[PDB]
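Please read the structure below before turning to the comments.
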Amino acid sequence: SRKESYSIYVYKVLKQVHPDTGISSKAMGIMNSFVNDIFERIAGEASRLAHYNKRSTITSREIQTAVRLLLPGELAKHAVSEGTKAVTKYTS
Amino acid sequence: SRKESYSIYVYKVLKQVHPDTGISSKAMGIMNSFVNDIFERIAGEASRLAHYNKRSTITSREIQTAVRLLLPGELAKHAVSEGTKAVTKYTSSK
Amino acid sequence: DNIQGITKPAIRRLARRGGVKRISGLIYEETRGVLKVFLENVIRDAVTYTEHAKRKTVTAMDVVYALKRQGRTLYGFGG
Amino acid sequence: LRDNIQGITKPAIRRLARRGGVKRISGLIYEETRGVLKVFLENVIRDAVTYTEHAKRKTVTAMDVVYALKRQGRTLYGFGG
Amino acid sequence: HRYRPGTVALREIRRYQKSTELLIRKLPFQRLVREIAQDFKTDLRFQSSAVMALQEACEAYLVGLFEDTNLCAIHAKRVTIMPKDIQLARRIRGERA
Amino acid sequence: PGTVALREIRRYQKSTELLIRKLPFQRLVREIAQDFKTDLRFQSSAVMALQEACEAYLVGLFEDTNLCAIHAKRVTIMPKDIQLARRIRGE
Amino acid sequence: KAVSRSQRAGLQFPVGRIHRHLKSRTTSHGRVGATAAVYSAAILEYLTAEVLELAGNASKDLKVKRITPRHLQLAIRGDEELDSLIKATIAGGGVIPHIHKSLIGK
Amino acid sequence: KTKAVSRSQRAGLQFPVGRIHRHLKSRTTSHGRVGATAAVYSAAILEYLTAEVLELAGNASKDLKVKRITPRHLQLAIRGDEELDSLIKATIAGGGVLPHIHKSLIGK
């Protein structure tokens, strides 16, 4: 049966930024772990945020707050400026 | 509007174990908070054993495992005994 | 400036509860540094939980949740 | 099993030390460091066996030890999860 | 009559280590949390009990930092605490470097 | 004099190999698990995932321990430094 | 005549207010009834260790009514516990006395 | 019936908007996972795999190799000032250590 991983999107993104470069298989497992750790931290914090405010859904703002808590510094104001591109394009 | 707290149950347990004694309104805030905190740790952590095994339903044998991850030393060995007694009484009456 | 109102004798009291006998005169202006950064790091989160819910007063629950997030929980004000 | 903590032989402790950036190691560091490593192993393999017992397995598996580490603030990237 | 240097420092330990009262003045700490807040969102308001939960958390942090600092000075043969002690304690607990 | 001990630092901070012998560490982890349950079997990747986490803890402790020896004006690390680094860390 | 599930377990704490609480922390799926009866009695049983160990404190000071300078001066003195509550300061609780052996006069 | 256009390409993203929705629902979440909140979440995941690969190949280049072996992660993830805060909890297996001799242990 199928096992499923993020392994292709990290490779796709590598060819976005370093078109000559590659990854060893052992160094893929790192990205395939890291990328789902940050998934869980955002899901867990966004879940608590909905609960504290006694909502049921989790709209964009329930995540933009979870990113603006969880990320340390310039990464917060960058990631917030990056995600507000994506939904602004999607809703056209 | 109205709020739910464990304020009555801690007093009811206090009178089980120190009959002459009582507890300040400043100290109730703490006990109610300790009870919430340990609840949220057990319930929040119990969800993860359901994910790791890909089971749907939270169950006694699952909670039993949460209160041997979250509790240290001999404290765990007592809680695990105490809760087993409680289930055995419940399931003998339904 | 308002940070200088964390007066020298107050630092001595805090220190005395912690059990220290004798305090170098450099510790006063250095300790203010660690208090000022600690308050900075929990007020960022408390105002974040405020701005999320659209209200514009920081509640006791906001500072409780901010402190809870950073591993510095308090039982007292609402667990 | 016999006495297998003695198999963390003195030179190996010196290698670990050398990585960590230390010059000179008093002779009492060897028997202290075995003490620290045995306490760490106990507190992680206990969790790893409780994750195993929940699933009715006998074989301890890599995800069990990774979940065991993850709850103590000591997350490991490299073996999944 | 006048005591020896040292006598009154140990008298103060046995006092402030027996009380549970707050050690920073109210208004001077209330001014500080407002000034640090208005740099992040202008025209806030605080609930009267929010600033108390700041103070009760701060004092309990400062007092813990000193308790872990004195451990360094004692190890380094001194009894006096000095900045170089705090920088060690705060580095091993991973806060600053 | 005093230089070859320093030449080892520049070696082991460049290599990323595991520094404890494999079989001796594997037999220790089998010993410590027996008092939790008899007759485990260990998956070959589980024993590795322990070792990778152990060495990374030990070497973090020697990094944090050295800082204490420097504080006492010494060079040599001593158990009283490990004890301090663990007490102040909260182990 | 309705019974209460607390009485069938033999517990003082609310077995059915739990259950309803757990059913709000649950992925998208349900929770067995026999969970509330060893969820509770492993929250009671910390009470009658948190309270209870105050025998060693409130009664020893000849004062009635538990107050916040206790629990502290206990929860951070008994040491099977402490590990459960490290993550928490106690408001208005102060600290246990010490003084290290090198600061006192020799 | 007018073909299909995947939610990723509509958003402008290389990460899978569909897969992530179906992961968020059936996470430890409450019972309503809005679809606009899987786009502002593929984005604030892909952005790290730029901001953390960008600088890593940026150092595989400097050692004159082609393929990013595992230590080249450690030498960024635990070298950039913001990444060192985001990944505190992480041990990179086979990742080595950032080299350093303490300035007081060198002689003269």
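Residue numbers in this text run from 1 along the chain shown.
Every residue gets a Cβ built from N, Cα and C, even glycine.
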Candidate annotated in Swiss-Prot as phosphothreonine, out of F:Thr38, F:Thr76: F:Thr38
Among F:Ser44, F:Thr65, which are modified residues, the residue with the most C-beta atoms within 10 angstroms of its C-beta: F:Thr65
DSSP-derived class (H/G/I helix, E/B strand, else coil) of F:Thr65 (phosphothreonine): helix
Residue from F:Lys37, F:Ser44, F:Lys73, F:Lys80 whose C-alpha is spatially nearest that of F:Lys22 (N6-methyllysine), among the modified residues: F:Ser44
Helix, strand or coil at F:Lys22 (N6-methyllysine) [DSSP, three-state]: helix
Cβ-Cβ neighbours of F:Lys73 (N6-acetyllysine) (radius 10 Å): 9
Pairwise Cα distance for F:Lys37 (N6-glutaryllysine)/F:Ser44 (phosphoserine) [Å, integer]: 18
Chain E neighbours, restricted to the modified residues F:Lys22, F:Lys37, F:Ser44, F:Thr65, F:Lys80, by C-beta under 8 angstroms: F:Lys80
Nearest recorded site to F:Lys80 (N6-(beta-hydroxybutyryl)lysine) by CA-CA distance, among modified residues F:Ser44, F:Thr65, F:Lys73: F:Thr65
